[PDB]
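Taking it in order: structure first as structure tokens, then the write-up.
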There are 12 protein chains.
Amino acid sequence: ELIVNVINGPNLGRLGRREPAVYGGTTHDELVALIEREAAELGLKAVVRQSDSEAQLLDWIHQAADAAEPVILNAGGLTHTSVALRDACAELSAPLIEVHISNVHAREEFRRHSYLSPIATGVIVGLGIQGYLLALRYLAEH
Amino acid sequence: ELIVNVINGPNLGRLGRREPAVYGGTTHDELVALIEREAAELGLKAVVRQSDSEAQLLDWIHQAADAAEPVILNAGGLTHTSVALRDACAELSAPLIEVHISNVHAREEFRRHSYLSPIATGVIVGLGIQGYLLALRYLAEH
Amino acid sequence: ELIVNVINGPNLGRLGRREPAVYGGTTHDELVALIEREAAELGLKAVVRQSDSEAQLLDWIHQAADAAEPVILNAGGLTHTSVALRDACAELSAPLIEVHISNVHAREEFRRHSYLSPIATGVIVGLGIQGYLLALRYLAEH
Amino acid sequence: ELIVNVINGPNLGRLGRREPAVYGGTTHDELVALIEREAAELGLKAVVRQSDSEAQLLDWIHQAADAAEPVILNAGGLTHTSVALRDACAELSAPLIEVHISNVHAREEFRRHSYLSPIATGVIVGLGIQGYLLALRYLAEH
Amino acid sequence: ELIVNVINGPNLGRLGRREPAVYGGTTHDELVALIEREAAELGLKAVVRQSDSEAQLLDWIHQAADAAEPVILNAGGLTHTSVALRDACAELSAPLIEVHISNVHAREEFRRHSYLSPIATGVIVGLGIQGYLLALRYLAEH
Amino acid sequence: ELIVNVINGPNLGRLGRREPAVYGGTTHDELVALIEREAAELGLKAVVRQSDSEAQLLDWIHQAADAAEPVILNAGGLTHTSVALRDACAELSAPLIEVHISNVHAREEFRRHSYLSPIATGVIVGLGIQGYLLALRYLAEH
Amino acid sequence: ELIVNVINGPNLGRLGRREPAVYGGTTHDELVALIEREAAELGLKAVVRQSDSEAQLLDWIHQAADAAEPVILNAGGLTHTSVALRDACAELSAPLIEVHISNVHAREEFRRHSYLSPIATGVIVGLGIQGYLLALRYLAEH
Amino acid sequence: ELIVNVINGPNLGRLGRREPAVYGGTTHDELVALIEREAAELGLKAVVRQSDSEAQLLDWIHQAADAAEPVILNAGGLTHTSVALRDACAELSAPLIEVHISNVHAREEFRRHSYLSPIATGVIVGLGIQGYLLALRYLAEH
Amino acid sequence: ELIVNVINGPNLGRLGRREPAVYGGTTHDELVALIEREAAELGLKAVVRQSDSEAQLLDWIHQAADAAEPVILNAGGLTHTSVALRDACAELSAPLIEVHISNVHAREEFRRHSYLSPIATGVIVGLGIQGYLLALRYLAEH
Amino acid sequence: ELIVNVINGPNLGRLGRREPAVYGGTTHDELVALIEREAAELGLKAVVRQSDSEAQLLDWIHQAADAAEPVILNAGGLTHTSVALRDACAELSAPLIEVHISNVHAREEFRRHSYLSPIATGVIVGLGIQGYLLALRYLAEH
Amino acid sequence: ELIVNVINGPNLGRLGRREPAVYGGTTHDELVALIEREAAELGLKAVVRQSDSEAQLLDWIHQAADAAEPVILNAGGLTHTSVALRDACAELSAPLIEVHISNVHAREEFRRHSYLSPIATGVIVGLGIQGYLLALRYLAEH
Amino acid sequence: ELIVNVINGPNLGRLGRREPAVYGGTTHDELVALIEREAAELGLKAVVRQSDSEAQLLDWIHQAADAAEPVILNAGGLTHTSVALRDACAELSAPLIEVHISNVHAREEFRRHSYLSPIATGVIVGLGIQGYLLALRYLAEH
Ligand SMILES: COc1ccc(C[C@@H]2C(=O)[C@@H](O)[C@H](O)C[C@]2(O)C(=O)O)cc1
Ligand SMILES: COc1ccc(C[C@@H]2C(=O)[C@@H](O)[C@H](O)C[C@]2(O)C(=O)O)cc1
Ligand SMILES: COc1ccc(C[C@@H]2C(=O)[C@@H](O)[C@H](O)C[C@]2(O)C(=O)O)cc1
Ligand SMILES: COc1ccc(C[C@@H]2C(=O)[C@@H](O)[C@H](O)C[C@]2(O)C(=O)O)cc1
Ligand SMILES: COc1ccc(C[C@@H]2C(=O)[C@@H](O)[C@H](O)C[C@]2(O)C(=O)O)cc1
Ligand SMILES: COc1ccc(C[C@@H]2C(=O)[C@@H](O)[C@H](O)C[C@]2(O)C(=O)O)cc1
Ligand SMILES: COc1ccc(C[C@@H]2C(=O)[C@@H](O)[C@H](O)C[C@]2(O)C(=O)O)cc1
Ligand SMILES: COc1ccc(C[C@@H]2C(=O)[C@@H](O)[C@H](O)C[C@]2(O)C(=O)O)cc1
Ligand SMILES: COc1ccc(C[C@@H]2C(=O)[C@@H](O)[C@H](O)C[C@]2(O)C(=O)O)cc1
Ligand SMILES: COc1ccc(C[C@@H]2C(=O)[C@@H](O)[C@H](O)C[C@]2(O)C(=O)O)cc1
Ligand SMILES: COc1ccc(C[C@@H]2C(=O)[C@@H](O)[C@H](O)C[C@]2(O)C(=O)O)cc1
Ligand SMILES: COc1ccc(C[C@@H]2C(=O)[C@@H](O)[C@H](O)C[C@]2(O)C(=O)O)cc1
């Protein structure tokens, strides 16, 4: 199947806005372009969505559940806090790849826990924006 | 630079030996072949080593430290237990990508802790043997 | 008084959609019908609402607070995570019955904690969709 | 099948004896009468027993195991402490409904843990003596 | 009022039997005699009972609740484990003095917790058999 | 600069509605008026906003980040639960003053933890609605 | 000395009654016969007793203390909960061998703690009913 | 009433002495002057005292208890360690405002606990020396 | 020997000063008189001292160590916090009886821990000022 | 099948060398002789190996996995620390009996945890060198 | 620079007074003499002070801060309890060597924590009074 | 006796190799020379060994046990992880001095725990390479 859903959670629309010492440079719009391009090279179609609203994220997850489509999810802070997002993700029959740009293990202790990792197929963290592209390649070869 | 070190720790020589319901099929020799091939496609040279001996792993890490070469490390059970391996890895100036074949977050609680993740560049788990190939691609694009 | 509010939180609109091995069969629309029918047999009027949005749930709780109406609440994942929902529920002067379809004590440890149970009148879990009907009957006899 | 066992543990024979500010009013004998009456309205026969002796409770549970009869159990303080009672209850093939009169989540932290909840079909707490009658109705509709 | 109940729990009938290096010398019968004598000097009547059966202890506590009589309780190992005994003791309207012969704080960590201390009037530990006599004197002056 | 953002989170629109024994009397509209008046006396302009929606709060925080404006934040229950709100607040270059009306240390243990306090400039709790006015005065003198 | 006491606690009278997928097949009466036979082959006399009553178990332990006889004890659920049984067992001058049929380390975490193991001579778990026979052989060779 | 007691604990006499990168600049004598001036503008009299001696602090607290005078307390390290200071502060009938210059939540975990916060009226941290002046203003408006 | 040292720690000089709902009525001077009188009836001499200064308490303990005199100690808040006081008390060769007026187990969890209880002969709590007199009687009979 | 592997880990070669108050008397060579003799009486062949090297232990475990041979394992300190040894042992299809000479529950708390017990068939501790012989007898009867 | 401050905390004046089985023999005066002599051999001047008063210790630390002089500190029980002493020690610009006579890791668990170790240059424990002399030698060679 | 064993564990052969900002400058060979020289000045002979292999370290410890020779041990990462090394060290009859170059209390929390400290004579940390020389001097004076 061509279709892969890339879903970004709270604050992910802020990439590139604060000082390019940090998660700066690549904007969310640029990230979408990079993803779409890589997906086309791989023979996939990426549908990339971002929201600061948990309810909106839940709706996108429900739609992927109903369509049996794979999901690459960076849930932002909700990674660490939301059982509701886990409940929705546990419905997915297709692969779920959890992605984080930063190395969530190199910061505060509360970031080393994810409600999603135990139900995800796999997890990529700390490899920057390329982590999304690597997830796409996993899905293309599976 | 061409050279990337792939270092596999205890029990990783056992891939493919127990019932192909599990981490079965791909042998360690096959894994080496897959890695070497992908590395050549990427314009890298992969040097793949496996040992059940922590001391041997430490020596390989020291050599990568001295040569300023990147390391893709799957330390096996020592991931969860060895401060000595962390101490050696903290010396590396080039990237360190932690890889696990299985999703270490979907099993016992003790597997969700890694001495290596806080000092690694990033971490890939649960994406099977392709996780090594994805790490290689990260290193090629950086 | 006739009026009882039944409020369902995130993911509760998904009942009946995934494989009828699981929380499958009864849809949310069917649940509403069952509740309305039981409420009429008991001489009550049930107002049944579901949302994936915490803000919407909070508004429904506020309205029940202002009207001094009882609430039967299945907050879904927010049961385990939301202090805001607890704060809103602590305002209710009429009874609050917490309901869960599944036995929240027979799963992961994080599901055995509820922010709501300490401020609820009582709690029913694991009795399936009938738990809502039993809550209704409690309220009718009180 | 007609037969449902209602089993009450330590101190449950004390209902109604201390000041009717508290769990006062309804005596254990009255509780038995209420249960028997509700059971007959539902087309069941309730066999209601109470003991302060764990060994006696265990024998009643064994008998329900051997007869494949459902059990409504309020184990009193043993809810929070007895692995032996859990071991005996895990043998039951018919439903086990855990009931508590008080809201065990609104008191000391040690009362929020039950050895029985993980192996019970479901749990009703905080709905007073009506919780037993609601358990009976669950069993009648299943 | 004259009457004070002294209630001893499991293993307390073993005083004086194992090597008089330890809680040896004074037998339970001797303890009863010492208590009765001190009580008469104080103008009280002590009713001293011992059982290895929690159910029997519960019955004695119930009787003290119903008679509004003070209780001096050394619950033995049940001090550290029984919520049922606490539930029964919380019914007592007259004073409850918890007594232990040994210093329960000078041994294993699990002995430093008592289900009874938070609901007792007070607690005497480590003063040997005289702790019972001191409890009696407290009750005589109050 | 004149402009200070006062942002109130879930349930803060409920001030003054439940029995004036409690956080009763001052309504949210009154709070806004008090804040605006104090801000004008101090030579500032306060922009006061309240929402029960985390996504809306995040947008207001983003806008303050982009405008480099100070924020006085009472995040309500999200204080204790939301990593996403912390992530957004960590972007602010201007001061962040955390305010709570109640003394969050005098209630349940879960209220003594704040995701925001470690990244805030400072914190005021328990001084009632005047805490907002005191935060304003801090910002005016800095 | 010939005499060894085998003492079985709550629920041990249930062996062989529930579906022979589980601890099924060997009944408690059969277990007694196997033990007696092995004891005679070893030149010992086994006295095998079972009770669901902690008080009865305590009396049997007291008798072994007074007679200076070894004890093979499978305390069932009381293994994990009873300080009183530990107190009684600490009196034994002869060896105490703790036995469990099941591997108590391969189940819930609460089963991995025993009040008895620290005061037992040794412990055998997970070797089925043969664990009793192996304990007997230990005692015969010592 | 005019009189407010400002009490500073151990090390607070060190303000301004170590390198003005840190809590440098304002000396304790300067702090006293700032406080006195602000108090006079508010129509109060501030009595400002500092000691490194817990016993001296206790005496000042006792005097405020006896005089029914409000206290603004920065107990320094004793904030985190002293139950005796809490015991003395619990006697105060007038308001107690806890103040810290630094943000105690932005440092080591042990600094996020205060024995005083649960019994204080409120708490101000991280707003520098102005926190004292803001406490004064709270007391003037109440 | 006649001499017994009664040592009272921080805040104990405050008895009787705050509202006689609480630890009110008996002043410290009255307590001294009661103790002296009881000691004379018992054929002892009580030397009663109180200080809010840990250093002063330590000196009194040292003197009791050097003189091999028994100590009845109510260390106030230092009970829960001071290792130094424990170190000094561990030197005492004569009995050490820990006394608290209030039931330290019926309040906050931090009050249920004492650095002194493990090294004391015994402990009396919750029996009011009579606890001192009962300690005196223990020492007279030993 | 005849063949049983007895594998001893670090420090087990030290038996009998330090003062025969302790694990003294029986040397490792003597242990091997005792095991071989018992195995022959049982109709088995025991292959007994000891190493201080985790890598060597892993190789012996791998060989038992490949040959489908039972293992009696005393991993010494690695019992408490090595996930790698657990990973290797989880491959074994034949029984795994964990043995310890000492009672690991009667010492430091860290010795009461074993990475091996949850995946072993059973566990024998505290029965001295006879524990190996008893394991052999288990395997002979199964 | 010649000058080194040796500061001893509570109870350190008790060295040599209790039975020379223990920290007996060397008195505090002897310790001072040994230190002074070693310091002169090393070309230093040691200023040795001891107090049971935390306030006095704080003053000595302040003076060392102001003079930029090194400190060898054995804070006695305050090692384990005092944040105030840590706050004062964090001001020191010259080296801080923490010394304990006893091995603080070989006793109760609470002694294995030090508020001082994280801010000290280094730590010497368990080497008796020579630990002070070794600290002096460290300072002489640096 | 002349002979002292200095044993260095994993990674200690790396001293001086990574950037002389850090544990840089002194190489392991230089460390050996410094130790040998100091030992000769003290009238001792130091035998200095380093290995990355736990098995090799264990053999060196065994040899020191058999020869009754003192050991100065810096076990590197195994300090924090190895029970096997502790088991071997507990055999030593001569002194064991634990040394670390860095201050293990000033880094991650896992470094503040040592399996060796409770069985060592004493411990020196944070005093750099001179810590070894100071250990040597301790042993020379004892
Ligand atoms: C202020 O905007 C952002 C955007 C992304 C992040 C990182 C992402 C999060 O939202 C974190 O809560 C999470 O721990 C890591 C993260 O998901 C990532 O690295 O992609 C943080 C702040
Ligand atoms: C029996 O051989 C193996 C080989 C690999 C594994 C998985 C790897 C480990 O060694 C585990 O300790 C680790 O938690 C996960 C692992 O590193 C992986 O999934 O690659 C387990 C057993
Ligand atoms: C994917 O849709 C659902 C719907 C309901 C549930 C169960 C409900 C929840 O949302 C859980 O988070 C909660 O622990 C139990 C639950 O509230 C219930 O059993 O009703 C789970 C997933
Ligand atoms: C003194 O008699 C009683 C009777 C019932 C209770 C409540 C029941 C218990 O025995 C408690 O231990 C349990 O936590 C709650 C309880 O099972 C109930 O509410 O039914 C308490 C004391
Ligand atoms: C074997 O007989 C006894 C008798 C009394 C005790 C001490 C009492 C107990 O039953 C302990 O569980 C409890 O911790 C202390 C005790 O209640 C006492 O010291 O009186 C112990 C064993
Ligand atoms: C039902 O409406 C409210 C409004 C405010 C509060 C207090 C605020 C919260 O939302 C709490 O979750 C928080 O712990 C304290 C609070 O932020 C405050 O005191 O301002 C509680 C319930
Ligand atoms: C329902 O009857 C039984 C009988 C034996 C057991 C196992 C035994 C127990 O009573 C458990 O509580 C214990 O953890 C293990 C057990 O003692 C054994 O395996 O022998 C469980 C249920
Ligand atoms: C070395 O002098 C000082 C002075 C003040 C402080 C900060 C204050 C303390 O004493 C800390 O223990 C406390 O955690 C914070 C503090 O009370 C404040 O920020 O006012 C620290 C060191
Ligand atoms: C404000 O004066 C006092 C006096 C005594 C107390 C009780 C005593 C303390 O100092 C407490 O810290 C301790 O927990 C209990 C106490 O030692 C007692 O009840 O005697 C409390 C406050
Ligand atoms: C110094 O040589 C030894 C040999 C055996 C032991 C006991 C074994 C260990 O290696 C311990 O780590 C383990 O906790 C217990 C042990 O496995 C046993 O009792 O057989 C200890 C030290
Ligand atoms: C009764 O006099 C003393 C003197 C020194 C000590 C040891 C020192 C202490 O004060 C302890 O609190 C600390 O844990 C260890 C100690 O600092 C040392 O060994 O020097 C103990 C009791
Ligand atoms: C990369 O080489 C090294 C060498 C020494 C260290 C410090 C030593 C260790 O191996 C640490 O695991 C330990 O916590 C501290 C250490 O033992 C020391 O400071 O000597 C660290 C890395």
Side-chain angles (χ1 to χ4, degrees), chain E residues 1-9 11-17 20 23-52 56-57 59-76 89 92-102 116 120-142, chain I residues 4 34-35 37-44 72 95 97 99 121-142:
Chain E
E1 200 219 15
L2 281 51
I3 296 170
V4 176
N5 295 289
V6 181
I7 296 172
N8 284 325
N11 299 303
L12 268 297
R14 302 293 297 168
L15 294 167
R17 294 176 176 193
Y23 315 41
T26 311
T27 60
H28 194 268
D29 284 357
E30 184 62 30
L31 172 59
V32 168
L34 288 162
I35 288 168
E36 284 173 342
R37 184 185 85 204
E38 183 80 359
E41 181 216 311
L42 293 164
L44 301 169
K45 188 175 165 172
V47 179
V48 188
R49 301 281 186 270
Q50 190 279 322
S51 184
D52 290 350
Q56 179 66 83
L57 300 170
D59 186 61
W60 290 328
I61 295 295
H62 298 157
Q63 297 181 37
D66 289 334
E69 286 164 3
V71 171
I72 295 172
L73 176 58
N74 184 350
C89 291
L92 297 165
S93 59
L96 171 65
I97 315 309
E98 180 181 358
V99 167
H100 307 286
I101 296 173
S102 73
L116 303 169
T121 307
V123 190
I124 301 177
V125 309
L127 299 187
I129 284 198
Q130 203 186 348
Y132 293 92
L133 305 202
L134 299 168
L136 274 179
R137 192 168 294 266
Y138 176 82
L139 294 170
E141 305 288 3
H142 291 252
Chain I
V4 176
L34 288 162
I35 288 168
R37 184 185 85 204
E38 183 80 359
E41 181 216 311
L42 293 164
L44 301 169
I72 295 172
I97 315 309
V99 167
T121 307
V123 190
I124 301 177
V125 309
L127 299 187
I129 284 198
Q130 203 186 348
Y132 293 92
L133 305 202
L134 299 168
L136 274 179
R137 192 168 294 266
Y138 176 82
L139 294 170
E141 305 288 3
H142 291 252

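Values reported hereafter were calculated over all heavy atoms of this structure, with side chains retained and with hydrogens, waters and symmetry mates removed. In what follows, every chain begins at residue 1, and chains take the letters A, B, ... in the order their sequences are listed.
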* Asked: Would you say the side chain of E/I101 lies within less than 4.5 Å of the side chain of E/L12, judging by non-hydrogen atoms?
  -> yes
* Asked: With a 4.5 Å heavy-atom cut-off, do E/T26 and E/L34 have their side chains touching?
  -> yes
* To do: Kindly write out the residues that satisfy salt bridge (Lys or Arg N to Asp or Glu O under 4.0 Å) with E/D66, not counting sequence neighbours, or none if the list is empty.
  => D/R14
* Structure fact -> d(E/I35 CD1, E/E30 CD) to nearest 0.5 Å is 10.5 Å
* Structure fact -> For E/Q50 and E/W60 the tightest heavy-atom approach is O-CH2, 3.4 Å
* **Minimal non-hydrogen separation, E/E69 against E/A94, with atom names** => C-CB, 3.4 Å
* For the residue pair E/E36 and E/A46, what are the closest heavy atoms and their distance? -> CG-O, 4.3 Å
* To do: Starting at NE2 of E/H28, measure out to CG of E/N11 and round the result to the nearest 0.5 Å.
  => 11.5 Å
* Might you point out which heavy atoms bring E/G9 and E/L57 nearest each other, and give the distance in Å? => CA-CD1, 3.8 Å
Using residues 130-138 of chain I as the side-chain source, report each donor-acceptor pair under 3.5 Å to any protein atom, sequence neighbours left out, with the distance given to one decimal.
from: I/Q130; atom 1: OE1; to: E/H142; atom 2: NE2; distance (Å): 3.3
from: I/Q130; atom 1: NE2; to: E/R137; atom 2: O; distance (Å): 3.4
from: I/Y132; atom 1: OH; to: I/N8; atom 2: OD1; distance (Å): 2.6
from: I/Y132; atom 1: OH; to: I/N74; atom 2: ND2; distance (Å): 2.9
from: I/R137; atom 1: NH2; to: I/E38; atom 2: OE2; distance (Å): 2.9
from: I/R137; atom 1: NH2; to: I/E41; atom 2: OE2; distance (Å): 3.2

* Going by heavy atoms in the side chains, are I/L139 and I/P95 under 4.5 Å from each other? -> yes
* To do: Could you please spell out the steps behind the side-chain contact (heavy atoms from CB on, under 4.5 Å) verdict for E/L92 and E/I61?
  => CA-CA 8 Å; E/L92 297 165; E/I61 295 295; 4.2 Å; yes
* Asked: Shortest non-hydrogen contact from I/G122 to E/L127?
  -> CA-CD2, 3.8 Å
* Asked: Got a donor-acceptor contact below 3.5 angstrom from the E/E98 side chain to the E/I124 backbone?
  -> no
* Using atom types as modelled and distance alone, determine if a side-chain donor or acceptor of E/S102 lies under 3.5 Å from a backbone N or O of E/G126. => no
* Minimal non-hydrogen separation, E/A140 against E/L44, with atom names -> CB-CD1, 4.0 Å
* Is there side-chain contact between E/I7 and E/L73, with heavy atoms separated by less than 4.5 Å? -> yes
* Asked: Between E/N5 and E/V48, is there a donor-acceptor pair closer than 3.5 Å when you use the side chain of the first and the backbone of the second?
  -> no
